[PDB]
Amino acid sequence: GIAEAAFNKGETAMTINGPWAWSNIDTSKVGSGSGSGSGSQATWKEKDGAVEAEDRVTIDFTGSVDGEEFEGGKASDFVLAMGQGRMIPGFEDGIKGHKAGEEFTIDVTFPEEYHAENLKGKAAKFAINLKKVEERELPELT
């Protein structure tokens with residue numbers, strides 16, 4: 001489970017599903033997912049040139065989904081290993097064949113596995129700069 005990778009005080013939660021549940025146990029939707037997470041990251045090094053099909057990059061993502069602004073479903077300085085079942089099938093590409101520091105738009109389709117109410121199988125678009133191909137262990141207000 002992902003709770004082993006990142007130290008969580010909640011129950012040993014299995015590997016994250018790509019489509020993120022904005023609607024929480026406050027709405028009585030998901031189980032006990034009340035937590036910001038307090039762990040530590042493994043150390044990263046800078047990637048030269050472009051991001052590869054196997055390579056990891058610290059991304060950033062925020063925007064709308066089919067023109068609808070979805071609050072809850074965004075993350076800054078997110079440390080993305082691509083082509084992982086933990087993340088959406090949109091991250092099969094999006095970062096590939098280009099560098100960080102540049103700003104771009106990518107449209108990614110959320111799967112039919114989406115465990116949310118308003119959000120179901122619809123495509124999102126992230127018009128945002130790729131954060132860094134470098135390290136970003138425990139990113140905060142720097």
# chains A, B, ... in the order shown; residues from 1 in each chain; ligands from 1
>>> residues_around(residues="residue 100 (chain A)", least_positions_apart="6", cutoff="8 Å", atoms="only C-alpha atoms", output="PyMOL selection string")
chain A and resi 50+129-133
>>> select_by_dssp(residues="region 89-132 of chain A", states="helix (DSSP H, G or I)", output="ChimeraX atom specification")
/A:89-92
>>> write_last_selection(atoms="N, CA, C and O atoms", output="PDB file, in the first residue's frame")
ATOM      1  N   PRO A  89      -4.314   7.605 -16.493  1.00  0.00           N
ATOM      2  CA  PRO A  89      -3.756   7.153 -17.805  1.00  0.00           C
ATOM      3  C   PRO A  89      -3.267   8.324 -18.697  1.00  0.00           C
ATOM      4  O   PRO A  89      -2.587   8.099 -19.697  1.00  0.00           O
ATOM      5  N   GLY A  90      -3.621   9.567 -18.326  1.00  0.00           N
ATOM      6  CA  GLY A  90      -3.109  10.763 -18.999  1.00  0.00           C
ATOM      7  C   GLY A  90      -1.599  10.956 -18.825  1.00  0.00           C
ATOM      8  O   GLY A  90      -0.920  11.479 -19.718  1.00  0.00           O
ATOM      9  N   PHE A  91      -1.073  10.494 -17.670  1.00  0.00           N
ATOM     10  CA  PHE A  91       0.370  10.544 -17.350  1.00  0.00           C
ATOM     11  C   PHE A  91       1.142   9.356 -17.975  1.00  0.00           C
ATOM     12  O   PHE A  91       2.265   9.051 -17.559  1.00  0.00           O
ATOM     13  N   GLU A  92       0.528   8.692 -18.980  1.00  0.00           N
ATOM     14  CA  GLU A  92       1.268   7.846 -19.950  1.00  0.00           C
ATOM     15  C   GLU A  92       2.118   8.732 -20.895  1.00  0.00           C
ATOM     16  O   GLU A  92       3.035   8.243 -21.555  1.00  0.00           O
TER      17      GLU A  92
END
>>> closest_residue(among="A:57, A:80, A:42, A:116", to="residue 134 (chain A)", atoms="only C-alpha atoms")
A:57
>>> closest_residue(among="A:104, A:126, A:1, A:58", to="residue 17 (chain A)", atoms="only C-alpha atoms")
A:1
>>> decode(residues="region 7-139 of chain A", atoms="C-alpha atoms", output="PDB file, in the first residue's frame")
ATOM      1  CA  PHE A   7       4.197   7.486   6.422  1.00  0.00           C
ATOM      2  CA  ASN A   8       0.453   7.938   7.248  1.00  0.00           C
ATOM      3  CA  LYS A   9      -1.196   7.907  10.758  1.00  0.00           C
ATOM      4  CA  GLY A  10      -4.420   6.621   9.138  1.00  0.00           C
ATOM      5  CA  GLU A  11      -5.057   2.908   8.261  1.00  0.00           C
ATOM      6  CA  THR A  12      -2.662   1.263   5.730  1.00  0.00           C
ATOM      7  CA  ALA A  13      -4.256   2.728   2.570  1.00  0.00           C
ATOM      8  CA  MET A  14      -3.597   0.786  -0.665  1.00  0.00           C
ATOM      9  CA  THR A  15      -1.857   2.316  -3.733  1.00  0.00           C
ATOM     10  CA  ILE A  16      -3.583   5.620  -4.805  1.00  0.00           C
ATOM     11  CA  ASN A  17      -6.136   5.406  -7.657  1.00  0.00           C
ATOM     12  CA  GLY A  18      -5.346   7.983 -10.389  1.00  0.00           C
ATOM     13  CA  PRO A  19      -8.849   9.651 -10.387  1.00  0.00           C
ATOM     14  CA  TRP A  20      -8.753  11.541  -7.020  1.00  0.00           C
ATOM     15  CA  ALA A  21     -11.847  11.657  -4.704  1.00  0.00           C
ATOM     16  CA  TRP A  22     -12.364  15.395  -3.874  1.00  0.00           C
ATOM     17  CA  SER A  23     -15.577  14.325  -2.030  1.00  0.00           C
ATOM     18  CA  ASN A  24     -14.355  12.995   1.359  1.00  0.00           C
ATOM     19  CA  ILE A  25     -15.618  11.343   4.616  1.00  0.00           C
ATOM     20  CA  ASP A  26     -16.771  14.924   5.623  1.00  0.00           C
ATOM     21  CA  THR A  27     -19.447  14.389   2.883  1.00  0.00           C
ATOM     22  CA  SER A  28     -19.636  10.696   4.159  1.00  0.00           C
ATOM     23  CA  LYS A  29     -18.284   9.677   0.690  1.00  0.00           C
ATOM     24  CA  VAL A  30     -14.882   7.923   1.187  1.00  0.00           C
ATOM     25  CA  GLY A  31     -13.516   6.140   4.313  1.00  0.00           C
ATOM     26  CA  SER A  32     -11.154   7.699   6.903  1.00  0.00           C
ATOM     27  CA  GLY A  33      -9.036   9.866   4.531  1.00  0.00           C
ATOM     28  CA  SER A  34      -8.746  12.878   6.885  1.00  0.00           C
ATOM     29  CA  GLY A  35      -5.001  13.689   6.763  1.00  0.00           C
ATOM     30  CA  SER A  36      -2.395  15.986   5.120  1.00  0.00           C
ATOM     31  CA  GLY A  37       0.293  13.245   5.334  1.00  0.00           C
ATOM     32  CA  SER A  38       3.521  13.505   7.407  1.00  0.00           C
ATOM     33  CA  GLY A  39       6.351  11.443   5.864  1.00  0.00           C
ATOM     34  CA  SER A  40       9.659  11.938   4.021  1.00  0.00           C
ATOM     35  CA  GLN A  41      10.705  11.624   0.346  1.00  0.00           C
ATOM     36  CA  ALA A  42      13.620   9.683  -1.220  1.00  0.00           C
ATOM     37  CA  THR A  43      16.317  11.962  -2.739  1.00  0.00           C
ATOM     38  CA  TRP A  44      16.061  13.004  -6.426  1.00  0.00           C
ATOM     39  CA  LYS A  45      18.654  14.235  -8.964  1.00  0.00           C
ATOM     40  CA  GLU A  46      18.242  16.617 -11.954  1.00  0.00           C
ATOM     41  CA  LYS A  47      17.281  15.095 -15.361  1.00  0.00           C
ATOM     42  CA  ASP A  48      19.298  16.340 -18.388  1.00  0.00           C
ATOM     43  CA  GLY A  49      17.445  17.440 -21.560  1.00  0.00           C
ATOM     44  CA  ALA A  50      13.926  15.897 -21.754  1.00  0.00           C
ATOM     45  CA  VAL A  51      11.748  13.608 -19.571  1.00  0.00           C
ATOM     46  CA  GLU A  52      11.830   9.913 -20.692  1.00  0.00           C
ATOM     47  CA  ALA A  53       9.070   7.223 -20.844  1.00  0.00           C
ATOM     48  CA  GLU A  54      10.513   5.616 -17.638  1.00  0.00           C
ATOM     49  CA  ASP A  55      11.760   8.888 -16.043  1.00  0.00           C
ATOM     50  CA  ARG A  56      10.302  10.807 -13.076  1.00  0.00           C
ATOM     51  CA  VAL A  57       9.777  14.631 -12.916  1.00  0.00           C
ATOM     52  CA  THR A  58       8.434  16.992 -10.235  1.00  0.00           C
ATOM     53  CA  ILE A  59       5.303  18.303 -11.997  1.00  0.00           C
ATOM     54  CA  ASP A  60       2.678  20.900 -11.176  1.00  0.00           C
ATOM     55  CA  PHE A  61      -1.021  20.636 -12.212  1.00  0.00           C
ATOM     56  CA  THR A  62      -4.114  22.857 -11.841  1.00  0.00           C
ATOM     57  CA  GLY A  63      -6.942  24.047 -14.155  1.00  0.00           C
ATOM     58  CA  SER A  64     -10.418  22.899 -15.313  1.00  0.00           C
ATOM     59  CA  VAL A  65     -12.071  19.642 -16.437  1.00  0.00           C
ATOM     60  CA  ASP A  66     -14.145  20.075 -19.665  1.00  0.00           C
ATOM     61  CA  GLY A  67     -14.457  23.817 -18.728  1.00  0.00           C
ATOM     62  CA  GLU A  68     -15.602  23.023 -15.128  1.00  0.00           C
ATOM     63  CA  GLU A  69     -13.311  24.278 -12.293  1.00  0.00           C
ATOM     64  CA  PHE A  70     -12.711  21.193 -10.034  1.00  0.00           C
ATOM     65  CA  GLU A  71     -11.488  22.305  -6.574  1.00  0.00           C
ATOM     66  CA  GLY A  72      -9.748  19.484  -4.671  1.00  0.00           C
ATOM     67  CA  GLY A  73      -8.171  17.974  -7.799  1.00  0.00           C
ATOM     68  CA  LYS A  74      -4.870  19.901  -8.061  1.00  0.00           C
ATOM     69  CA  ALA A  75      -1.301  19.604  -6.636  1.00  0.00           C
ATOM     70  CA  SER A  76       1.786  21.872  -6.759  1.00  0.00           C
ATOM     71  CA  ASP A  77       5.383  20.413  -6.650  1.00  0.00           C
ATOM     72  CA  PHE A  78       3.974  16.857  -7.095  1.00  0.00           C
ATOM     73  CA  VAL A  79       6.742  14.250  -7.589  1.00  0.00           C
ATOM     74  CA  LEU A  80       5.448  12.253 -10.605  1.00  0.00           C
ATOM     75  CA  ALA A  81       6.784   8.871 -11.663  1.00  0.00           C
ATOM     76  CA  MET A  82       5.010   8.431 -15.071  1.00  0.00           C
ATOM     77  CA  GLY A  83       3.170   5.356 -16.435  1.00  0.00           C
ATOM     78  CA  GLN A  84       2.114   4.354 -12.906  1.00  0.00           C
ATOM     79  CA  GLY A  85      -1.315   2.864 -12.066  1.00  0.00           C
ATOM     80  CA  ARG A  86      -1.242   5.192  -8.996  1.00  0.00           C
ATOM     81  CA  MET A  87      -1.773   8.141 -11.390  1.00  0.00           C
ATOM     82  CA  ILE A  88      -4.292   8.768 -14.257  1.00  0.00           C
ATOM     83  CA  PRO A  89      -3.756   7.153 -17.805  1.00  0.00           C
ATOM     84  CA  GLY A  90      -3.109  10.763 -18.999  1.00  0.00           C
ATOM     85  CA  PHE A  91       0.370  10.544 -17.350  1.00  0.00           C
ATOM     86  CA  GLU A  92       1.268   7.846 -19.950  1.00  0.00           C
ATOM     87  CA  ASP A  93       2.541  11.050 -21.691  1.00  0.00           C
ATOM     88  CA  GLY A  94       2.096  14.837 -20.962  1.00  0.00           C
ATOM     89  CA  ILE A  95       5.673  15.249 -19.596  1.00  0.00           C
ATOM     90  CA  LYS A  96       7.469  13.062 -22.218  1.00  0.00           C
ATOM     91  CA  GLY A  97       9.754  14.364 -25.004  1.00  0.00           C
ATOM     92  CA  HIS A  98      10.207  17.808 -23.365  1.00  0.00           C
ATOM     93  CA  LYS A  99      11.925  19.636 -20.471  1.00  0.00           C
ATOM     94  CA  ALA A 100      10.900  21.367 -17.182  1.00  0.00           C
ATOM     95  CA  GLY A 101      10.803  25.188 -16.758  1.00  0.00           C
ATOM     96  CA  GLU A 102       8.558  25.488 -19.869  1.00  0.00           C
ATOM     97  CA  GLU A 103       4.761  26.074 -19.639  1.00  0.00           C
ATOM     98  CA  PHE A 104       2.277  24.011 -21.708  1.00  0.00           C
ATOM     99  CA  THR A 105      -1.286  22.639 -21.830  1.00  0.00           C
ATOM    100  CA  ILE A 106      -2.228  18.899 -21.750  1.00  0.00           C
ATOM    101  CA  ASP A 107      -5.711  17.336 -22.003  1.00  0.00           C
ATOM    102  CA  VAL A 108      -5.977  14.029 -20.087  1.00  0.00           C
ATOM    103  CA  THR A 109      -9.154  11.872 -19.855  1.00  0.00           C
ATOM    104  CA  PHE A 110     -10.199  10.636 -16.390  1.00  0.00           C
ATOM    105  CA  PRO A 111     -11.116   6.856 -16.462  1.00  0.00           C
ATOM    106  CA  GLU A 112     -14.551   5.260 -15.795  1.00  0.00           C
ATOM    107  CA  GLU A 113     -12.958   4.091 -12.469  1.00  0.00           C
ATOM    108  CA  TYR A 114     -13.546   7.699 -11.125  1.00  0.00           C
ATOM    109  CA  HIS A 115     -14.815   7.329  -7.497  1.00  0.00           C
ATOM    110  CA  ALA A 116     -16.488  10.811  -7.435  1.00  0.00           C
ATOM    111  CA  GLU A 117     -19.973  12.316  -7.917  1.00  0.00           C
ATOM    112  CA  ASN A 118     -19.744  15.251 -10.403  1.00  0.00           C
ATOM    113  CA  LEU A 119     -16.432  13.948 -11.806  1.00  0.00           C
ATOM    114  CA  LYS A 120     -16.949  10.781 -13.931  1.00  0.00           C
ATOM    115  CA  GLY A 121     -14.956   9.720 -17.069  1.00  0.00           C
ATOM    116  CA  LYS A 122     -14.628  13.366 -18.335  1.00  0.00           C
ATOM    117  CA  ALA A 123     -11.392  14.967 -19.713  1.00  0.00           C
ATOM    118  CA  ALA A 124      -9.349  17.631 -17.803  1.00  0.00           C
ATOM    119  CA  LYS A 125      -6.817  20.176 -19.102  1.00  0.00           C
ATOM    120  CA  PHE A 126      -3.763  21.481 -17.185  1.00  0.00           C
ATOM    121  CA  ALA A 127      -2.281  24.721 -18.608  1.00  0.00           C
ATOM    122  CA  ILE A 128       0.697  24.910 -16.214  1.00  0.00           C
ATOM    123  CA  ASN A 129       4.537  24.997 -16.105  1.00  0.00           C
ATOM    124  CA  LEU A 130       6.420  21.710 -15.534  1.00  0.00           C
ATOM    125  CA  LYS A 131       7.866  22.360 -12.031  1.00  0.00           C
ATOM    126  CA  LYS A 132      11.403  20.803 -12.175  1.00  0.00           C
ATOM    127  CA  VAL A 133      13.286  17.705 -13.417  1.00  0.00           C
ATOM    128  CA  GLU A 134      15.302  18.243 -10.175  1.00  0.00           C
ATOM    129  CA  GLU A 135      14.795  17.196  -6.521  1.00  0.00           C
ATOM    130  CA  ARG A 136      11.773  18.333  -4.422  1.00  0.00           C
ATOM    131  CA  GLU A 137      11.918  16.376  -1.106  1.00  0.00           C
ATOM    132  CA  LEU A 138       9.108  17.703   1.205  1.00  0.00           C
ATOM    133  CA  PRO A 139       8.117  20.844  -0.885  1.00  0.00           C
TER     134      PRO A 139
END
